[PDB]
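Visitor:
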Amino acid sequence: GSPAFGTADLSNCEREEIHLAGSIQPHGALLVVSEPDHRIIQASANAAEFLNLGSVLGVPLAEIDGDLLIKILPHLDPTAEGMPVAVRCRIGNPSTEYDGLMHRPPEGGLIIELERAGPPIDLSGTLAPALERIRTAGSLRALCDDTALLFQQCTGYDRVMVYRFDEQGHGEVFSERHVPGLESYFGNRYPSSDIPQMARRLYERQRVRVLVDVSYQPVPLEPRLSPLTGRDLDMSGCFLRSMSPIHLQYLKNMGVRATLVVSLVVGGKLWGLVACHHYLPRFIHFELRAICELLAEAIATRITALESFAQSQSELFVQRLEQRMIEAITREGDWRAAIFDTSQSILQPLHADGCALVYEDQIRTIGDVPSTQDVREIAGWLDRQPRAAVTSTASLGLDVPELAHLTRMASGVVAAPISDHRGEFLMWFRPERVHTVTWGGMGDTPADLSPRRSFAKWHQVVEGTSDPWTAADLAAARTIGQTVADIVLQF
Ligand SMILES: */C=C/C1=C(C)C(=O)N/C1=C\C1=NC(=C\c2[nH]c(/C=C3/NC(=O)C(C=C)=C3C)c(C)c2CCC(=O)O)/C(CCC(=O)O)=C1C
Numbered sequence: 007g008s009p010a011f012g013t014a015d016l017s018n019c020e021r022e023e024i025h026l027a028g029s030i031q032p033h034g035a036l037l038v039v040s041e042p043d044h045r046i047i048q049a050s051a052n053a054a055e056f057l058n059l060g061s062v063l064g065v066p067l068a069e070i071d072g073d074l075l076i077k078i079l080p081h082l083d084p085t086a087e088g089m090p091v092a093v094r095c096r097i098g099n100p101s102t103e104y105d106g107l108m109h110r111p112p113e114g115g116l117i118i119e120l121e122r123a124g125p126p127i128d129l130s131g132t133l134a135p136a137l138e139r140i141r142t143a144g145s146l147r148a149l150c151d152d153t154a155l156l157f158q159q160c161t162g163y164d165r166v167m168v169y170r171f172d173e174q175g176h177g178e179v180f181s182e183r184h185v186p187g188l189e190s191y192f193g194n195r196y197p198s199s200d201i202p203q204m205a206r207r208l209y210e211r212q213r214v215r216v217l218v219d220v221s222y223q224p225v226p227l228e229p230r231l232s233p234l235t236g237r238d239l240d241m242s243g244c245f246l247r248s249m250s251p252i253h254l255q256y257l258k259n260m261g262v263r264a265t266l267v268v269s270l271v272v273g274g275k276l277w278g279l280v281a282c283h284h285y286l287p288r289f290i291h292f293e294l295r296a297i298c299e300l301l302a303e304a305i306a307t308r309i310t311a312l313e314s315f316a317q318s319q320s321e322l323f324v325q326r327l328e329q330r331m332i333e334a335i336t337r338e339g340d341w342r343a344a345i346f347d348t349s350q351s352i353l354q355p356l357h358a359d360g361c362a363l364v365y366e367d368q369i370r371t372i373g374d375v376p377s378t379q380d381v382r383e384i385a386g387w388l389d390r391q392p393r394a395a396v397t398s399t400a401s402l403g404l405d406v407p408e409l410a411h412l413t414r415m416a417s418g419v420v421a422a423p424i425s426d427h428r429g430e431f432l433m434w435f436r437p438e439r440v441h442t443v444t445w446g447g455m456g457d458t459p460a461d462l463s464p465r466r467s468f469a470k471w472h473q474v475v476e477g478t479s480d481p482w483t484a485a486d487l488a489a490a491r492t493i494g495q496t497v498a499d500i501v502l503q504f
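For the sequence shown, the residue numbers in UniProt numbering are 7 to 447, 455 to 504.
#1: Within the continuous beta strand (DSSP E) that includes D73, where are the two ends?
#2: State the DSSP-derived secondary structure class of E22, mapped to helix, strand or coil.
#3: Which partner residues does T348 have in the DSSP bridge list?
#4: Start and end of the alpha helix (DSSP H) containing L146?
#5: Look up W341 in the DSSP assignment and say whether it is helix, strand or coil.
#6: Exposed or buried, what is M455 when buried is set at 16 or more other beta-carbons lying within 10 Å of its beta-carbon?
#7: Counting only runs that start and end within the segment 399 to 436, where is the alpha helix (DSSP H) found for 4 or more residues in a row?
#8: Which runs of the beta strand (DSSP E) fall wholly inside the UniProt domain "Phytochrome chromophore attachment site" (145 to 303) and span at least 3 residues, in chain order?
#9: Between the C-alpha atoms of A205 and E20, what's the straight-line distance to the nearest angstrom?
#10: Give a yes or no on contact between the segment 356 to 373 and the segment 393 to 403, applying the rule of three or more CB pairs nearer than 8 Å.
#11: What separation, rounded to the nearest whole angstrom, lies between the Cα atoms of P481 and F431?
#12: What's the C-alpha gap between residue 450 and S198?
#13: In whole angstroms, what separates the C-alpha of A484 from that of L57?
#14: Let me know if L188 comes out buried or exposed under the rule of 16 or more other beta-carbons within 10 Å of its beta-carbon.
#15: Should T265 be listed as close to ligand 1, given that the test is whether its C-beta is under 6 Å from any heavy atom?
#16: Which residues does DSSP pair with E103 in a beta bridge?
#17: Kindly indicate the opening and closing residues of the alpha helix (DSSP H) around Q379.
#18: What number of angstroms, rounded off, separates the C-alpha of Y191 from the C-alpha of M89?
#19: With C-beta atoms as the reference, is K77 less than 7 Å away from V91?
#20: Going by CA-CA distance only, name the one from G98, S50 and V381 that's closest to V225.
#21: Near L487, what residues of its chain come up, given a Cβ to Cβ distance below 8 Å and the 5 sequence neighbours on each side ignored?
#22: Between the C-alpha atoms of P125 and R295, what's the straight-line distance to the nearest angstrom?
#23: Over the uninterrupted alpha helix (DSSP H) stretch that includes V501, give me the two end residues.
#24: Which residues in the same chain as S250 place their Cβ atom closer than 7 Å to its Cβ, once the five residues preceding and following it in sequence are excluded?
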């Protein structure tokens, strides 16, 4: 079934227990405390040297040099806003300050992650004109480009990419900003398997993820197995959680040495990431984490506003076309001209590269459409049996093997009937998605992991396929198809 944390290979890593890592990155320390009463019962092995403490494991938090207990207590107030929560405390014998991050896993007590504090700095001069740029963005393109720039300006990382996941989970490098001279990944695709489902749920549970040095030596928890459960400690909510050797090897092959990844979550779904990559090990100021979180919420809000604006654009193009015909039939005794271009493109309310109208044995086409004999082959298949108000597919060959030769122009077809005579259709097209990008290639083993190979593994799945048809896509064909039909019954 599911391989334990350090132990997967390329064939079973989907199910690797990355949330049960059993270890942390060396630049912090992790205590596990029981409740109530707050006895340290599990600790990262580096805890004593890291925190300047004699012993750790088994000693009550009250008895640890320096105010940590006192600093967590106000956040266990039933009525407080509570966990996850950050605190600043002093710990240890040569006493020093730490930023603590406390949360409660569903099982195992209280987890407290510690890192060395620096002096307090105020980053709020950053989020305000950034907030204005985000809320001001005119399009998804513009917003993601500005978000790559913005994240590069406030993080200083060598490369920032904003990925965007599609219906199936696959990633597109949708925006990129990098220091001149690096190679570009802008426009690359990767298969959804490059990011395991559990990694995806982890990006929803915490919104900032940090790797300071791709070369670190994991520091194990002791005892490892939680004494309260006899099982591995749920580490979903741990900022210091080690990172899978699989992905570390991926970064090593890419040249990359550090990583600051921020989650974009839209309507409760992981929508993409803002990935910051550095070609050097890289520490960050604690106050940079809240900045990322605030920024990613603004972005996610804007994306919602854009998708929603796009929505009513469609619903407009529609009820603003019942009229492109109403009259444009008064003089010029036929409606078709309204269908085809006129810059009210029948092609974009569905994001298609081609459209055809088959009506009374007359076939007209804009964009990239199969041969007119080929439209007829499709019309012949639509008439083979009774259909829904809309019929669609994003893998025409394979769904309909005899139509395989149409993969090029028409892996994706959506058809809507326009009467009952039938043989009469409004038909939209999309090419095999391979033709929406090109570049790629190669083989398999952790040493072979790379963007190049990922772009190739992507072309391989996806093979007999177009961009999938969305709900909105189908709603549009639905309602467009309908109002044409309504108005053909007219005359
Ligand atoms: C079977 C397991 C894995 C295979 C195979 C794999 O490629 N990755 C697997 C596990 C993990 N991936 C994690 C994060 C991650 N992986 C990549 C993959 C990309 N593919 C691309 O072509 C490129 C470059 C353009 C990349 C970066 C991406 C994009 C991500 C998101 C993180 C990032 O951008 O740095 C992952 C989680 C790591 C963690 O612990 O935070 C696991 C596990």
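C-beta: ideal position from N, C-alpha, C; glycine also.
Guide: On the basis of the supplied data:
#1: No beta strand (DSSP E) contains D73, which DSSP labels as neither H nor E.
#2: coil
#3: The partner list for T348 (beta bridge, DSSP) is empty, contrary to what the question assumes.
#4: Looking at the DSSP string, the run of the alpha helix (DSSP H) that includes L146 is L146 to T161.
#5: coil
#6: Within a 10 Å sphere around the beta-carbon of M455 sit fewer than 16 other beta-carbons, which makes this residue exposed.
#7: Within the segment 399 to 436, the alpha helix (DSSP H) runs of at least 4 residues that lie entirely inside it are, in chain order, 402 to 405 and 413 to 416.
#8: 165 to 171, 177 to 184, 214 to 217, 225 to 228, 264 to 272 and 275 to 284
#9: 9 Å
#10: The segment 356 to 373 vs the segment 393 to 403: no contact.
#11: Their backbone Cα atoms lie some 20 Å apart in a straight line.
#12: Missing here is residue 450: after 447, the next number in the chain is 455.
#13: 54 Å
#14: exposed
#15: yes
#16: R96
#17: Start and end: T378 to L388.
#18: 37 Å
#19: Cβ distance not < 7 Å, so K77 and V91 don't count as in contact.
#20: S50
#21: Counting only residues of its own chain and dropping the five nearest sequence neighbours on each side, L487 has a CB closer than 8 Å to the CB of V396, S398 and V420.
#22: Going from the Cα of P125 to the Cα of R295 covers about 15 Å.
#23: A484 to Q503
#24: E22 and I24
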